[PDB]
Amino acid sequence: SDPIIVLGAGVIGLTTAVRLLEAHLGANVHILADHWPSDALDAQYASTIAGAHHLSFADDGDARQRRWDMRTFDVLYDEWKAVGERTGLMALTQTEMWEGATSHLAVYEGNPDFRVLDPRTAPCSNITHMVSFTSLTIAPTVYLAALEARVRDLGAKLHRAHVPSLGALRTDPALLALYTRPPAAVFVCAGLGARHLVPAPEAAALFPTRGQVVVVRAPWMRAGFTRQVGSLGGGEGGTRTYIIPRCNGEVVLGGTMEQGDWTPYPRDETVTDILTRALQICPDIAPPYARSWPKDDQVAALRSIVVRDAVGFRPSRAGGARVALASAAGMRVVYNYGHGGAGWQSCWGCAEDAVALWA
């Protein structure tokens, strides 16, 4: 009878709410957020800026991340087997190439059709290791719309509201009008927004890792490619070039990984950079008719098929995501934030842990 709040309507909050409602049928759940999946794109809302591909960054020794990523893959892949592309999922061969390293992450061996490839067969030079396996991409707008429909069907009440502090959920008459009584519990799925909701030491742990992408219309591309330069360093370190094709024919090209960079608007030079690198790792990203042209001329061909530029801020945190049980303003609090560049590939895993902590 006392309301349970899910604060956040990104992929993290919506998956949390789905698992919450499935575990406790008819529970009194209110989802509050100041940005919703179908809103216009905004650099501050990470979930619809994402590619998204399932391409784990889980260190061999990071048992929690490996578990989350593979659990999430299992859920998404079973869903694709059931409904195909209806919710924005597309199974595909993912190819990862390393420019330095002579190993892949052990976590990839859990995916179907894992193969070690000859690094000399990469289209770009200096590739020292190369693997492929079956994975999935997600058109986030489509998938999030499906999650929104699902939480409605499960009986969640949805509210557009800004929450200035966790205490406000108990005290602010504007918020109390939504759910009548002070909440018994809150799931804090506020992404990078959690910086304004937690005490100073925890707030300090959050930082943006800015990512710019270029979305092209390239429906000929139905395979995934990533080039990793530099060590992950047990986290999400180094830089990536990637080709992330969606089932709708939009293909996300990236990326950048700028720690502490709060600039929300795309940079012209980075557009050029992304297009140039995308052509290096995946020559077939070019419009078919332009593929025989000098490499320099193919950038303009890619420009001609650009759908949009986009920028987002990965909600980065030292040690990865905070999924933990605490207390604030007399409410039971479950934190589920700080997923960096891996929220889409870990969402269902985190959601299940979060609900288990609450329960």
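Quick note: we count residues from 1 along the sequence shown, nothing fancier.
Which of the two stretches, 331-339 or 8-16, shows the higher mean Cα temperature factor in the record? 331-339 has the higher mean C-alpha B-factor.
Read off the CA B-factors in the entry, average them over 168-176 and over 225-233, and name the higher stretch. Comparing averages over the C-alpha atoms only gives 225-233.
Can you tell me which of 190, 218, 215, 124 has the highest Cα temperature factor in the record? If I rank 190, 218, 215, 124 by C-alpha B-factor, first place goes to 124.
Would you mind checking which of 211, 84, 112, 140 has the top Cα temperature factor in the PDB entry? Of the candidates given, the C-alpha B-factor peaks at 112.
Third assignment of residue 102 from its chain's C-alpha B-factors: Top third by C-alpha B-factor.
Ranked against its chain, the third holding the CA B-factor of residue 25: Its C-alpha B-factor belongs to the highest third of this chain's values.
Among the modelled residues of its chain, does the C-alpha B-factor of residue 293 lie in the lowest, middle or highest third? Ranked within chain, residue 293 CA B lands in the highest tercile.
Residue 38 CA temperature factor, ranked by third within the chain: Middle third.
Is the Cα B-factor recorded for residue 271 in the lowest, middle or highest third of its chain? For residue 271, the deposited C-alpha B-factor lands in the middle third.
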